[PDB]
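Reproduced below: structure23.pdb, with PDB, C-alpha atoms and all ligand atoms.
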```
MODEL        1
ATOM      1  CA  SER A  15       3.273  25.641  -1.696
ATOM      2  CA  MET A  16       2.217  22.427   0.036
ATOM      3  CA  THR A  17       3.928  19.243  -1.241
ATOM      4  CA  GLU A  18       1.839  16.572  -3.081
ATOM      5  CA  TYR A  19       2.671  12.823  -2.584
ATOM      6  CA  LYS A  20       1.202  10.219  -4.979
ATOM      7  CA  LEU A  21       0.747   6.912  -3.037
ATOM      8  CA  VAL A  22      -0.220   3.520  -4.642
ATOM      9  CA  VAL A  23      -1.906   0.753  -2.524
ATOM     10  CA  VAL A  24      -1.027  -2.679  -3.994
ATOM     11  CA  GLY A  25      -1.711  -6.305  -2.993
ATOM     12  CA  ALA A  26      -3.781  -9.381  -3.886
ATOM     13  CA  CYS A  27      -7.585  -9.391  -4.066
ATOM     14  CA  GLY A  28      -9.293  -9.187  -0.599
ATOM     15  CA  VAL A  29      -6.243  -8.108   1.443
ATOM     16  CA  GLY A  30      -7.924  -4.880   2.519
ATOM     17  CA  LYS A  31      -6.604  -2.212   0.120
ATOM     18  CA  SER A  32     -10.069  -0.534  -0.140
ATOM     19  CA  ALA A  33     -10.834  -0.824   3.617
ATOM     20  CA  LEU A  34      -7.420   0.724   4.586
ATOM     21  CA  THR A  35      -7.848   3.666   2.116
ATOM     22  CA  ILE A  36     -11.509   4.243   3.195
ATOM     23  CA  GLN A  37     -10.403   4.224   6.924
ATOM     24  CA  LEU A  38      -7.690   6.814   6.187
ATOM     25  CA  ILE A  39     -10.095   8.998   4.135
ATOM     26  CA  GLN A  40     -13.547   8.586   5.805
ATOM     27  CA  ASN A  41     -12.636   6.958   9.214
ATOM     28  CA  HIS A  42     -15.181   4.204   8.547
ATOM     29  CA  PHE A  43     -14.839   0.385   7.993
ATOM     30  CA  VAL A  44     -16.454  -0.698   4.681
ATOM     31  CA  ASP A  45     -16.712  -4.474   4.319
ATOM     32  CA  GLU A  46     -18.639  -4.540   0.995
ATOM     33  CA  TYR A  47     -16.563  -2.058  -1.136
ATOM     34  CA  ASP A  48     -16.861  -3.143  -4.805
ATOM     35  CA  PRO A  49     -13.702  -5.209  -5.564
ATOM     36  CA  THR A  50     -13.353  -4.104  -9.237
ATOM     37  CA  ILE A  51     -13.408  -0.331  -8.430
ATOM     38  CA  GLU A  52      -9.983   1.322  -8.778
ATOM     39  CA  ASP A  53     -10.421   4.916  -7.539
ATOM     40  CA  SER A  54      -8.115   7.641  -6.108
ATOM     41  CA  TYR A  55      -8.596   9.884  -3.058
ATOM     42  CA  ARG A  56      -7.123  13.183  -1.811
ATOM     43  CA  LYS A  57      -6.383  13.881   1.878
ATOM     44  CA  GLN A  58      -4.562  16.866   3.438
ATOM     45  CA  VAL A  59      -2.408  15.599   6.391
ATOM     46  CA  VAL A  60       0.127  17.001   8.877
ATOM     47  CA  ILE A  61       3.107  14.617   9.265
ATOM     48  CA  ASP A  62       6.064  15.657  11.541
ATOM     49  CA  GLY A  63       4.591  19.207  11.507
ATOM     50  CA  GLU A  64       4.708  19.623   7.632
ATOM     51  CA  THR A  65       1.275  19.853   5.860
ATOM     52  CA  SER A  66       1.033  17.856   2.574
ATOM     53  CA  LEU A  67      -1.561  16.628   0.082
ATOM     54  CA  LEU A  68      -1.799  12.842  -0.471
ATOM     55  CA  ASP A  69      -3.190  11.529  -3.764
ATOM     56  CA  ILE A  70      -3.883   7.838  -2.968
ATOM     57  CA  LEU A  71      -4.609   5.141  -5.628
ATOM     58  CA  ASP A  72      -6.424   2.035  -4.386
ATOM     59  CA  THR A  73      -5.591  -0.601  -7.116
ATOM     60  CA  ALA A  74      -8.398  -3.045  -8.049
ATOM     61  CA  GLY A  75      -9.566  -5.377 -10.854
ATOM     62  CA  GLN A  76      -7.473  -8.049 -12.633
ATOM     63  CA  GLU A  77      -5.560  -6.769 -15.678
ATOM     64  CA  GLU A  78      -2.374  -7.809 -17.510
ATOM     65  CA  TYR A  79       0.855  -5.813 -17.229
ATOM     66  CA  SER A  80       0.692  -3.433 -20.234
ATOM     67  CA  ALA A  81       2.984  -0.561 -21.368
ATOM     68  CA  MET A  82       0.324   2.185 -21.043
ATOM     69  CA  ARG A  83      -0.345   1.005 -17.469
ATOM     70  CA  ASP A  84       3.352   0.839 -16.646
ATOM     71  CA  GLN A  85       3.560   4.562 -17.580
ATOM     72  CA  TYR A  86       0.524   5.350 -15.353
ATOM     73  CA  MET A  87       2.083   3.517 -12.310
ATOM     74  CA  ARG A  88       5.483   5.246 -13.001
ATOM     75  CA  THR A  89       3.807   8.439 -11.567
ATOM     76  CA  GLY A  90       3.457   6.738  -8.107
ATOM     77  CA  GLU A  91       6.075   8.159  -5.686
ATOM     78  CA  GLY A  92       5.408   5.510  -2.995
ATOM     79  CA  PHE A  93       3.875   2.015  -2.803
ATOM     80  CA  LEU A  94       2.015   0.309   0.103
ATOM     81  CA  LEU A  95       2.608  -3.440  -0.345
ATOM     82  CA  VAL A  96      -0.382  -4.986   1.501
ATOM     83  CA  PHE A  97      -0.784  -8.647   2.436
ATOM     84  CA  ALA A  98      -3.293 -10.160   4.928
ATOM     85  CA  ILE A  99      -1.769 -12.096   7.841
ATOM     86  CA  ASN A 100      -4.241 -14.912   7.197
ATOM     87  CA  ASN A 101      -3.445 -15.180   3.462
ATOM     88  CA  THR A 102      -0.201 -16.933   2.538
ATOM     89  CA  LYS A 103      -0.739 -16.305  -1.208
ATOM     90  CA  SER A 104      -1.092 -12.480  -0.527
ATOM     91  CA  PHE A 105       2.269 -12.615   1.302
ATOM     92  CA  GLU A 106       3.879 -14.598  -1.555
ATOM     93  CA  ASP A 107       2.589 -12.102  -4.151
ATOM     94  CA  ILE A 108       4.614  -9.272  -2.387
ATOM     95  CA  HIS A 109       7.859 -10.073  -4.234
ATOM     96  CA  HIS A 110       6.061 -10.079  -7.560
ATOM     97  CA  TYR A 111       4.533  -6.616  -6.894
ATOM     98  CA  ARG A 112       7.882  -5.196  -5.648
ATOM     99  CA  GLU A 113       9.672  -6.319  -8.839
ATOM    100  CA  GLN A 114       6.991  -4.929 -11.179
ATOM    101  CA  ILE A 115       7.505  -1.595  -9.309
ATOM    102  CA  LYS A 116      11.360  -1.814  -9.452
ATOM    103  CA  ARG A 117      10.923  -2.470 -13.240
ATOM    104  CA  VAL A 118       8.639   0.548 -14.140
ATOM    105  CA  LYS A 119      10.521   2.993 -11.851
ATOM    106  CA  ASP A 120      13.864   1.807 -13.394
ATOM    107  CA  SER A 121      15.439   2.074  -9.890
ATOM    108  CA  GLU A 122      16.472   0.101  -6.714
ATOM    109  CA  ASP A 123      15.391   2.914  -4.280
ATOM    110  CA  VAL A 124      11.574   3.112  -4.519
ATOM    111  CA  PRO A 125       9.735   4.301  -1.348
ATOM    112  CA  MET A 126       7.735   1.245  -0.127
ATOM    113  CA  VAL A 127       6.189  -0.014   3.113
ATOM    114  CA  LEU A 128       5.150  -3.618   3.790
ATOM    115  CA  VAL A 129       1.721  -3.784   5.504
ATOM    116  CA  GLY A 130       0.315  -6.926   7.168
ATOM    117  CA  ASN A 131      -3.440  -6.182   7.389
ATOM    118  CA  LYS A 132      -6.242  -7.981   9.383
ATOM    119  CA  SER A 133      -4.047  -8.117  12.595
ATOM    120  CA  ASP A 134      -7.367  -8.274  14.510
ATOM    121  CA  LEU A 135      -7.869 -11.901  13.244
ATOM    122  CA  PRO A 136      -6.890 -14.905  15.377
ATOM    123  CA  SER A 137      -6.128 -17.190  12.415
ATOM    124  CA  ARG A 138      -2.672 -15.923  11.373
ATOM    125  CA  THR A 139      -0.823 -18.014   8.777
ATOM    126  CA  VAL A 140       2.026 -15.485   8.191
ATOM    127  CA  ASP A 141       4.255 -14.922  11.302
ATOM    128  CA  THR A 142       5.333 -11.369  12.257
ATOM    129  CA  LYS A 143       8.990 -12.630  12.164
ATOM    130  CA  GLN A 144       8.563 -13.776   8.486
ATOM    131  CA  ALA A 145       7.289 -10.292   7.360
ATOM    132  CA  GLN A 146       9.935  -8.426   9.471
ATOM    133  CA  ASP A 147      12.631 -10.555   7.827
ATOM    134  CA  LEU A 148      11.300  -9.877   4.319
ATOM    135  CA  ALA A 149      11.057  -6.082   5.064
ATOM    136  CA  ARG A 150      14.700  -6.177   6.440
ATOM    137  CA  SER A 151      15.877  -7.912   3.232
ATOM    138  CA  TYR A 152      14.101  -5.128   1.199
ATOM    139  CA  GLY A 153      15.340  -2.459   3.704
ATOM    140  CA  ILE A 154      11.762  -1.087   4.012
ATOM    141  CA  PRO A 155       9.503  -0.562   7.060
ATOM    142  CA  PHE A 156       6.909  -3.184   8.079
ATOM    143  CA  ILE A 157       3.621  -2.195   9.858
ATOM    144  CA  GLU A 158       0.835  -4.596  11.050
ATOM    145  CA  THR A 159      -2.602  -2.991  10.631
ATOM    146  CA  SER A 160      -6.300  -3.701  11.027
ATOM    147  CA  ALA A 161      -8.634  -1.705   8.754
ATOM    148  CA  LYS A 162     -11.470  -3.138  10.918
ATOM    149  CA  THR A 163     -10.215  -1.745  14.315
ATOM    150  CA  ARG A 164      -8.242   1.134  12.634
ATOM    151  CA  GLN A 165      -5.038   0.000  14.498
ATOM    152  CA  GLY A 166      -1.984   1.175  12.483
ATOM    153  CA  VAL A 167      -3.874   2.590   9.435
ATOM    154  CA  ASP A 168      -2.676   6.272   9.645
ATOM    155  CA  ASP A 169       0.848   5.040  10.708
ATOM    156  CA  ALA A 170       1.223   2.796   7.610
ATOM    157  CA  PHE A 171       0.340   5.683   5.238
ATOM    158  CA  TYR A 172       2.426   8.292   7.174
ATOM    159  CA  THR A 173       5.400   5.862   7.386
ATOM    160  CA  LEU A 174       5.249   5.760   3.514
ATOM    161  CA  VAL A 175       5.123   9.628   3.245
ATOM    162  CA  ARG A 176       8.243   9.673   5.502
ATOM    163  CA  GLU A 177      10.002   7.173   3.147
ATOM    164  CA  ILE A 178       9.172   9.434   0.133
ATOM    165  CA  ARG A 179      10.510  12.528   2.017
ATOM    166  CA  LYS A 180      13.857  10.801   2.879
ATOM    167  CA  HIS A 181      14.110   9.705  -0.772
ATOM    168  CA  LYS A 182      13.643  13.267  -2.000
ATOM    169  CA  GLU A 183      16.274  14.440   0.475
TER
HETATM  170  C1  LIG B   1     -10.449  -8.021  -6.227
HETATM  171  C2  LIG B   1      -9.192  -7.978  -7.090
HETATM  172  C3  LIG B   1      -8.022  -7.104  -6.607
HETATM  173  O1  LIG B   1      -8.194  -6.292  -5.701
HETATM  174  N1  LIG B   1      -6.846  -7.304  -7.180
HETATM  175  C4  LIG B   1      -5.506  -6.751  -6.988
HETATM  176  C5  LIG B   1      -4.993  -7.675  -8.106
HETATM  177  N2  LIG B   1      -4.661  -6.860  -9.306
HETATM  178  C6  LIG B   1      -3.396  -6.684  -9.651
HETATM  179  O2  LIG B   1      -2.460  -7.189  -9.014
HETATM  180  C7  LIG B   1      -3.134  -5.809 -10.922
HETATM  181  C8  LIG B   1      -3.720  -4.627 -11.296
HETATM  182 CL1  LIG B   1      -4.977  -3.848 -10.421
HETATM  183  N3  LIG B   1      -3.196  -4.200 -12.421
HETATM  184  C9  LIG B   1      -2.276  -5.104 -12.779
HETATM  185  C10 LIG B   1      -1.380  -5.089 -14.021
HETATM  186  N4  LIG B   1      -1.401  -3.776 -14.719
HETATM  187  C11 LIG B   1      -0.247  -3.144 -14.713
HETATM  188  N5  LIG B   1       0.423  -2.807 -15.776
HETATM  189  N6  LIG B   1       1.504  -2.304 -15.447
HETATM  190  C12 LIG B   1       1.651  -2.267 -14.164
HETATM  191  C13 LIG B   1       2.645  -1.807 -13.373
HETATM  192  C14 LIG B   1       2.505  -1.952 -12.025
HETATM  193 CL2  LIG B   1       3.814  -1.395 -11.141
HETATM  194  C15 LIG B   1       1.397  -2.511 -11.403
HETATM  195  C16 LIG B   1       1.269  -2.624  -9.836
HETATM  196  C17 LIG B   1       1.332  -1.238  -9.206
HETATM  197  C18 LIG B   1       2.414  -3.451  -9.309
HETATM  198  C19 LIG B   1      -0.106  -3.262  -9.396
HETATM  199  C20 LIG B   1       0.389  -2.933 -12.255
HETATM  200  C21 LIG B   1       0.537  -2.823 -13.621
HETATM  201  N7  LIG B   1      -2.252  -6.065 -11.864
HETATM  202  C22 LIG B   1      -1.369  -7.244 -11.843
HETATM  203  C23 LIG B   1      -6.387  -8.229  -8.231
HETATM  204  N1  LIG B   2     -11.170  -8.851   9.874
HETATM  205  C1  LIG B   2     -10.701  -7.955   9.053
HETATM  206  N2  LIG B   2     -11.302  -7.937   7.882
HETATM  207  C2  LIG B   2     -10.928  -7.044   6.992
HETATM  208  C3  LIG B   2      -9.840  -6.137   7.308
HETATM  209  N3  LIG B   2      -9.609  -5.401   6.262
HETATM  210  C4  LIG B   2     -10.547  -5.762   5.353
HETATM  211  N4  LIG B   2     -11.324  -6.749   5.796
HETATM  212  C5  LIG B   2     -12.362  -7.425   5.017
HETATM  213  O1  LIG B   2     -11.746  -8.177   3.927
HETATM  214  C6  LIG B   2     -12.540  -8.097   2.743
HETATM  215  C7  LIG B   2     -11.807  -7.370   1.608
HETATM  216  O2  LIG B   2     -11.574  -5.977   1.892
HETATM  217  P1  LIG B   2     -11.258  -4.994   0.689
HETATM  218  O3  LIG B   2     -10.881  -3.716   1.363
HETATM  219  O4  LIG B   2     -12.425  -4.957  -0.177
HETATM  220  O5  LIG B   2     -10.057  -5.759  -0.103
HETATM  221  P2  LIG B   2      -9.323  -5.279  -1.517
HETATM  222  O6  LIG B   2      -9.845  -6.229  -2.537
HETATM  223  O7  LIG B   2      -7.873  -5.484  -1.236
HETATM  224  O8  LIG B   2      -9.821  -3.909  -1.713
HETATM  225  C8  LIG B   2     -13.750  -7.270   3.155
HETATM  226  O9  LIG B   2     -14.723  -8.156   3.667
HETATM  227  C9  LIG B   2     -13.311  -6.468   4.330
HETATM  228  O10 LIG B   2     -14.402  -6.155   5.175
HETATM  229  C10 LIG B   2      -9.173  -6.229   8.572
HETATM  230  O11 LIG B   2      -8.237  -5.422   8.807
HETATM  231  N5  LIG B   2      -9.624  -7.183   9.409
HETATM  232 MG    MG B   3     -10.748  -2.929  -3.335
ENDMDL
END
```
Please go through the file and, once you have read it, give me the structure as structure tokens.
Amino acid sequence: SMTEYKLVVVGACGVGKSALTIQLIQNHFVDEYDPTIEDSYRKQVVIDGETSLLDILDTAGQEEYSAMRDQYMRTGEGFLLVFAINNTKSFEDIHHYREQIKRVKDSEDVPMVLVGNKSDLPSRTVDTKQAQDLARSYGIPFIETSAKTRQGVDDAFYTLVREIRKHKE
């Protein structure tokens, strides 16, 4: 029976969580996807020759950290930490999201990938060397993406599936 991986896309408002997920699922760039809508999506993929089913949660909509919600997020097997390269606050919010995840999972090894989205933009305020360095300190992979041009979208998600597989090993 084909393996199921539950992936959670996290990051500040407007970083591109919805546009990344819609590119992976529908291969189309949405620029007006309702910001409050928190939906999940299923996609059958072949990664390194093994077929699997991804269940992908695109987080949305401001809410306080509750206990019920903690238990819902505990079911995530892997987390995409998304910042935008032209949003210093989005980059700064990464540590906060990683700790919340370390907390609910009650564990130091959680499968995670750092994603710097909007790499198509010319106005970059977060240097590639800064994000590499952070990812090295977490010991997680770092991918630069553009949901707009589709550069790196599949690779960010499939890098996370590979982190989950190694974890399960
Ligand atoms: C347009 C607005 C938008 O896209 N965003 C993203 C940001 N929202 C959040 O950061 C957010 C959401 Cl969504 N829910 C919550 C708090 N709820 C919650 N309770 N327990 C947990 C546990 C975890 Cl691990 C999370 C993660 C997965 C880290 C988001 C969330 C909760 N927050 C802060 C506004
Ligand atoms: N230029 C560029 N714009 C993007 C990219 N990704 C998303 N956007 C735009 O940024 C805004 C927020 O995207 P969205 O996916 O809704 O962000 P979310 O709140 O994290 O879901 C929208 O206008 C998108 O069209 C990208 O990779 N490059
Ligand atoms: Mg969204």
- [ ] Check which residues fall inside 8 Å of ligand LIG 1 (chain B) when counting all atoms listed in the file, and print them as an NGL selection string.
- [x] :A and (22-29 or 31 or 49-50 or 52 or 73-88 or 93 or 110-118)
TODO: Provide the atom CA of residue A:51 to atom CA of residue A:38 distance in Å, to one decimal place.
DONE: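 So the two atoms, atom CA of residue A:51 and atom CA of residue A:38, lie 17.2 Å apart.
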- [ ] For the file shown, report as a PyMOL selection string the outcome of the PyMOL selection byres (((chain A and resi 176) around 12) and not hetatm) at residue level.
- [x] chain A and resi 19+21+60-64+66+91-92+125-127+154-155+169-175+177-183
- [ ] Give as a VMD selection string the residues surrounding ligand LIG 2 (chain B) up to a distance of 10 Å, considering all atoms listed in the file.
- [x] chain A and resid 23 to 37 43 to 52 72 to 75 96 to 100 104 130 to 136 158 to 167
TODO: Check what the PyMOL selection byres (((chain A and resi 17) around 8) and not hetatm) selects in the file above and give those residues as a ChimeraX atom specification.
DONE: /A:15-16,18-19,65-67
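Among the candidates A:146, A:89, A:39, A:119, the residue lying nearest to residue A:59 is A:39 (atoms considered: all atoms listed in the file).
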Open item on the list: Rounded to one decimal, what separation in Å do you get between atom CA of residue A:139 and atom CA of residue A:109?
Closed with: 17.5 Å
Task: Distance in Å - atom CA of residue A:148 versus atom CA of residue A:54 - done: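 Separating atom CA of residue A:148 from atom CA of residue A:54 is a distance of 28.2 Å.
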